[PDB]
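We did not get these values from a lab; they are worked out from the coordinates using the rules stated. A quick note on method: Cβ atoms are made from the backbone with ideal geometry, for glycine too, and the neighbour counts reach across all protein chains shown.
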Amino acid sequence: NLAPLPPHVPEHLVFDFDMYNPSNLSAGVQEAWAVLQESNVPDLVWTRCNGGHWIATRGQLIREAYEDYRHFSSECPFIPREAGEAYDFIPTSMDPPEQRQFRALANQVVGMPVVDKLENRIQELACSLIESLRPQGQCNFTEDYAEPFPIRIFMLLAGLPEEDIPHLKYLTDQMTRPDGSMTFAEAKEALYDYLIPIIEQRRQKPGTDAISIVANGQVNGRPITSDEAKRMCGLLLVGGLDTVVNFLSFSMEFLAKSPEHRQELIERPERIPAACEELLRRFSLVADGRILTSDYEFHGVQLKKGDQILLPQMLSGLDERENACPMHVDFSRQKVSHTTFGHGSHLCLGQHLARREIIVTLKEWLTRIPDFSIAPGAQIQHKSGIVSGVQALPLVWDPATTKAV
Ligand code: HEM
Ligand SMILES: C1C2CC3CC1CC(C2)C3
């Protein structure tokens, strides 16, 4: 299901990549996408999948396109178009200067000062969950840790019921990794059916939670609207539920396979922060785009107003022009260059939260369970989409080599 080539696209620029089902997923998701950076691929390609759209394949182009909101609008950031079209999240679906007042608020809710406050719970929950696992010598990391960890912290932050997780997590998943069970609009609406009542209720009787802060926030000297709050909160949910969850599994799948990487971290703890950047670079997992606001010529290619371009944040750090031996993980790189948390005016506000959550998990897991591996005959599957992930992660360990703290 390849869409006929628009008139403006030079056939020599065609490269049919399916962002939802890349070709050699079997070898890994980061690996499947890096095909785009082989020598045979032009820097800017056109794919006929998912209705036809462009893809920038290099760090340099992605950064540029990201900086350039005039040409490249966030108005319709998801592919396919019906998804980008139904997409109305704030601040994501807005460009500057409008973007800015909304950003400042979302920042109040997820920014540094909040992570600083939530630190001890993050550390408490990680230790608790790990200690609970330690004696079994086996889990489902995706389900047993990766999911609960980041999710319960967000539920805390948000002041929402843990009971709502499953229902919520299903809708978030349809957003980034469309199943086919429900379209973007249906998915979007059901999350919205959920949030509305909650918002209503926090306008009336404010709490200390993130939702309360958003619902009653100020934007452009006036009060945010209901619809506006619904829309920021909608985003906070997807980021909360869907980002850290998938990243931990990639990192953990790697650690489970690389004894010497684990050891390095065990002996030279001072390196965790660096390793965290390197892992974010290597196991980078987001890919969204932008819409052309007009006719524009970018690096010799003619882009037509209304064309969507995917600008894979995942790709920047995997690009050889940016990082020597990109597929290799080296905790001692002089320069770790990525754009895992995006680039430009839309730079991820929750970055601080995600880094704290990764750093704690590594430090904490390695402490109790320094030696683990993937279960014999478990075949690890990755999935592709706006946010890629791991399907399941069966780990096994000997209890006798663990440590209680
Ligand atoms: C591994 C973790 C994460 C990664 C890789 C990630 C990635 C990204 C990327 C690439 C963008 C920009 C997208 C664009 O330019 O269209 C972004 C935006 C955003 N992310 Fe993060 N994210 C992560 C965690 C989170 C968390 C935990 C939160 C908190 C809910 C969150 C909240 C946000 C928000 C609010 C924005 C929008 C900022 C704006 O539009 O000005 N993200 N994220
Ligand atoms: C929208 C944007 C791209 C992906 C998915 C969702 C949350 C965050 C920002 C990462």
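Inspect all residues belonging to the range 64-72 and state whether any of them is of a type outside the set (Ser, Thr, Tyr), more than 22 Å from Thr176 (Cα to Cα) and more than 16 Å from ligand 1 (Cβ to nearest atom).
No, the conditions are met nowhere in the range 64-72.
For the range 119-137, which residues satisfy the criterion of being crowded, with 18+ Cβ neighbours inside 10 Å and more than 21 Å from the chain's Cα centre (by Cα)? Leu125, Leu129, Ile130, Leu133, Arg134 - these are the residues of the range 119-137 that are crowded, with 18+ Cβ neighbours inside 10 Å and more than 21 Å from the chain's Cα centre (by Cα). Take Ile62 and decide whether it is within 16 Å of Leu318 (Cα to Cα), aliphatic (A, V, I, L, M), in contact with a strand residue (DSSP E or B) (Cβ under 6 Å, 6 or more places away or on another chain) and surrounded by 21 or more Cβ atoms within 10 Å (Cβ to Cβ). Taking the combined requirement at face value, the residue satisfies it.
Here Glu67, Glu31 are screened, and the one residue that is touching a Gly at 6+ places or on another chain (Cβ under 6 Å) and touching a residue at least 40 places away in the same chain (Cβ under 8 Å) is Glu67. Scanning the range 106-116 for residues that are more than 9 Å from ligand 1 (Cβ to nearest atom), assigned to a helix (DSSP H, G or I) and surrounded by 15 or more Cβ atoms within 10 Å (Cβ to Cβ) yields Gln108, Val114, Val115.
Quick test for you: out of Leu395, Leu347, pick the one residue that is touching a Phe, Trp or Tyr at 6+ places or on another chain (Cβ under 7 Å), free of Cβ contacts under 8 Å to residues at least 24 places away in the same chain and of a type in the set (A, V, I, L, M, F, W, C). First the steps, then the outcome.
On the way: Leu395 fails: free of Cβ contacts under 8 Å to residues at least 24 places away in the same chain.
One residue alone meets the criteria, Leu347.
If you go through the range 205-241 and keep only what is over 18 Å from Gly111 (Cα atoms) and either in contact with a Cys (Cβ under 8 Å, 6 or more places away or on another chain) or assigned to a helix (DSSP H, G or I) (or both), you end up with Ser226, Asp227, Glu228, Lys230, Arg231. Pairs meeting the criteria (first residue in the range 200-218 and in contact (Cβ under 8 Å) with a residue 24 or more places away in the chain, second residue outside any helix (DSSP H, G or I) and β-branched (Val, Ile, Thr), beta carbons under 8 Å, at least 6 apart or on different chains) are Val214/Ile224; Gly217/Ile224; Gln218/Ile224. For the range 376-391, a residue qualifies if it is in contact with a helix residue (DSSP H, G or I) (Cβ under 7 Å, 6 or more places away or on another chain) and either within 16 Å of ligand 1 (Cβ to nearest atom) or not in a loop (DSSP other than H, G, I, E, B) (or both), and the qualifying residues are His382, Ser384, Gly385, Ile386, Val387, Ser388, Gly389, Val390. For the range 250-257, does any single residue satisfy the condition of being farther than 21 Å from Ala106 by Cβ, in a helix (DSSP H, G or I) and within 16 Å of ligand 2 (Cβ to nearest atom)? Yes, because at least one residue in the range 250-257 is farther than 21 Å from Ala106 by Cβ, in a helix (DSSP H, G or I) and within 16 Å of ligand 2 (Cβ to nearest atom).
Right, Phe141: buried (at least 17 other Cβ atoms within 10 Å of the Cβ), touching a residue at least 40 places away in the same chain (Cβ under 8 Å) and in contact with a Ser or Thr (Cβ under 8 Å, 6 or more places away or on another chain) or not? Please lay out each step first, then the result.
Working: buried (at least 17 other Cβ atoms within 10 Å of the Cβ): yes; touching a residue at least 40 places away in the same chain (Cβ under 8 Å): yes; in contact with a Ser or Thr (Cβ under 8 Å, 6 or more places away or on another chain): yes.
Taking the combined requirement at face value, the residue satisfies it.
Take the conditions (1) without any contact (Cβ under 8 Å) to a residue 60 or more places away in the chain; (2) in a helix (DSSP H, G or I); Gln334 misses just one of them, which is (2). Of all residues in the range 60-86, those satisfying the criterion of being within 16 Å of ligand 2 (Cβ to nearest atom) and out of contact with any helix residue (DSSP H, G or I) (no Cβ under 7 Å at 6 or more places or on another chain) are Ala65, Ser73, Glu75, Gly84, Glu85.
So for the range 37-49 (the condition being within 20 Å of the chain's Cα centre (by Cα) and surrounded by fewer than 18 Cβ atoms within 10 Å (Cβ to Cβ)), does at least one residue qualify? Don't jump to the end; show me each part of the working.
First, pick out the residues of the range 37-49 that are within 20 Å of the chain's Cα centre (by Cα): none.
No: the range 37-49 contains no residue that is within 20 Å of the chain's Cα centre (by Cα) and surrounded by fewer than 18 Cβ atoms within 10 Å (Cβ to Cβ).
So which residues in the range 147-178 are within 16 Å of ligand 2 (Cβ to nearest atom) and either acidic (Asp, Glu) or over 20 Å from the mean Cα position of the chain (by Cα) (or both)? Once the filter is applied, which keeps residues that are within 16 Å of ligand 2 (Cβ to nearest atom) and either acidic (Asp, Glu) or over 20 Å from the mean Cα position of the chain (by Cα) (or both), the range 147-178 yields only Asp173.
Across the range 330-375, the number of residues qualifying as more than 7 Å from ligand 1 (Cβ to nearest atom), closer than 14 Å to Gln313 by Cβ and surrounded by fewer than 18 Cβ atoms within 10 Å (Cβ to Cβ) comes to 1. What about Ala126, is it closer than 30 Å to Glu322 by Cα, away from ligand 2 (no atom under 14 Å from the Cβ), among the aliphatic types (A, V, I, L, M) and part of a helix (DSSP H, G or I)? Answer is no for this residue. Close contacts from the range 76-105, counting a first residue that is more than 10 Å from ligand 1 (Cβ to nearest atom) and a second that is in a helix (DSSP H, G or I) and of a type in the set (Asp, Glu), with Cβ to Cβ under 8 Å and a gap of 6+ residues or different chains, come to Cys76/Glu85. Quick one: would you say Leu318 is part of a helix (DSSP H, G or I) and touching a residue at least 40 places away in the same chain (Cβ under 8 Å)? No; evaluated as a whole, the condition is false for this residue.
Take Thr57 and decide whether it is more than 15 Å from ligand 1 (Cβ to nearest atom), of a type in the set (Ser, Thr, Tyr) and out of contact with any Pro (no Cβ under 9 Å at 6 or more places or on another chain). Spelling it out, it is not the case that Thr57 is more than 15 Å from ligand 1 (Cβ to nearest atom), of a type in the set (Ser, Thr, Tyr) and out of contact with any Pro (no Cβ under 9 Å at 6 or more places or on another chain).
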